[PDB]
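Everything on this sheet refers to the single structure shown next.
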Amino acid sequence: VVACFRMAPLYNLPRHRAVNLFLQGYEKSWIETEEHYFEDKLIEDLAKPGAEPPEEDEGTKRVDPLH
Amino acid sequence: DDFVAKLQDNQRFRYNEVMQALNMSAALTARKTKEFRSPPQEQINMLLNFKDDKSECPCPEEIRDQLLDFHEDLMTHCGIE
């Protein structure tokens, strides 16, 4: 009865174990769920020929970074 | 370090309140101590639900604010403005 019900609560646990549990929980709850969209910006930046004709080329159009 | 210490102190105070109020209704004690009888990983996962507006986490608003400010500072340091 008592043993079945009263297992270790968080406050009974030592500080470092609770800290590790908090790190794992914070990770999987906040860091993974955090979403930011950068793919379109990154691809557009990578697909830009950056001042290549002004740059000394002396040849065919240099392939872009995405290429 | 200090966030988990404040969380543990708040949990102890809430547990003391639940012991003071258990005698009122035995059925109340069941789902009130479901939290304290859950495994510790689940306990801290379900206490770390300040995000969104579900508000099922039994945590003080100031304790939520500390984490919400640290998370913004961390995003600023990571450059995710």
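Note that we place each Cβ from the backbone using ideal geometry, even for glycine, and neighbour counts take in every protein chain shown. Values in this text are rule-based calculations from the coordinates and carry no lab data.
Quick notes on this one:
- Two-site label geometry, B:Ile80 and B:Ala21: point separation in nm, points 7 Å out along Cα→Cβ: 3.5
- With a Förster radius of 30 Å applied to the C-beta separation of B:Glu61 and A:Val2, the computed FRET efficiency comes to 0.30.
- With Cα atoms, 0 to 90° folded angle of helix B:61-78 axis to chain B main axis: 30
- Estimated translational D of chain A in µm²/s (Stokes, Kirkwood radius over Cα pairs; 37 °C; 0.692 mPa s): 186
- Remark: chain B is approximated by an ellipsoid whose semi-axes, taken from the C-alpha gyration tensor as √(5λ), come to 30, 12, 11 Å, largest first.
- According to the Cα-based calculation, Rg over Rh for the protein assembly as shown is 1.29, with Rh computed by the Kirkwood formula.
- Straight-distance crosslink candidates among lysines, where the alpha carbon sits under 28 Å from B:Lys6 and sequence neighbours closer than 8 are dropped: A:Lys28, B:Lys32, B:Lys34, B:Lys51, B:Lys54
- With respect to chain A, whose longest principal axis is taken over its alpha-carbon atoms, helix A:15-26 is tilted by about 50°.
- Helix-only [θ]222 nm of chain A, DSSP H runs n ≥ 4, -39500 (n - 2.57) each, per residue, nearest 500: -9500 deg cm²/dmol
- Radius 14 Å from Cβ of B:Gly79, net charge of other residues (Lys, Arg +1; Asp, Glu -1): -3
- Nearest-ten-degree value, helix B:2-21 long axis tilted from longest Cα axis of chain B: 20
- Per-residue [θ]222 nm for chain B (sum of -39500 (n - 2.57) over DSSP H runs n ≥ 4, rounded to 500): -23500 deg cm²/dmol
- Charge context of A:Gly50, other residues only, Cβ under 11 angstrom, K/R +1, D/E -1: -2
- Legend: mean number of C-beta atoms from other chains within 10 angstrom of residue C-beta atoms, peptide A:16-22, equals 5.
- Averaging the Cα positions of each part gives two centres, and for region A:13-38 and region B:2-81 these lie 14 Å apart.
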